[PDB]
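Just the one chain here, the form deposited in one PDB entry, laid out as structure tokens.
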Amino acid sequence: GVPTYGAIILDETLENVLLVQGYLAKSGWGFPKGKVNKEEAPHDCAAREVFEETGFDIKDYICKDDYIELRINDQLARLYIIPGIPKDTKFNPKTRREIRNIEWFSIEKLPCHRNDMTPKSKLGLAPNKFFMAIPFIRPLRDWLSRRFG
């Protein structure tokens, strides 16, 4: 699939992250990100997608080496880590046809896996509104421990 780029924005305490809520197939909460355009550099795609989805421009804050990248079902998603953004920042998407809401979440309260349904002897995972964010949570926590401690 086409690579996606975006950001993990943290506040100044490093204990909250900014998530966005879309519609329909992207009806849950996830980090701001989207698909790279032809010939567009990863940092420019991350900034574009984040500004489209949040109205906040990360361009002056991106650090080249500071990101988490995952390959899920053979599609690569790279989120640049952007700490220290104040919680009173006014975030407003460009297109509310794509973004329902924008909120800060406590990192420690976010799930890092979905729950099974072993209580019901049924296979699979229970729905979770953080499903898009979840794969990045443990790597983020590990990354923050290594970088800040």
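In case it trips you up, residue 1 is the first one in the sequence shown, and so on.
One more form of this protein should be noted, the form solved in complex with a small molecule, which is absent from this view; the next part is about it.
Contact between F91 and the small molecule in the bound PDB entry is found at the 4.5 Å heavy atom cutoff. In the bound PDB entry, no heavy atom of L110 sits within 4.5 Å of the small molecule. Contact between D116 and the small molecule in the bound PDB entry is not found at the 4.5 Å heavy atom cutoff. Although the partner is absent here, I68 lies well away from the small molecule in the bound PDB entry, with no heavy atom inside 4.5 Å.
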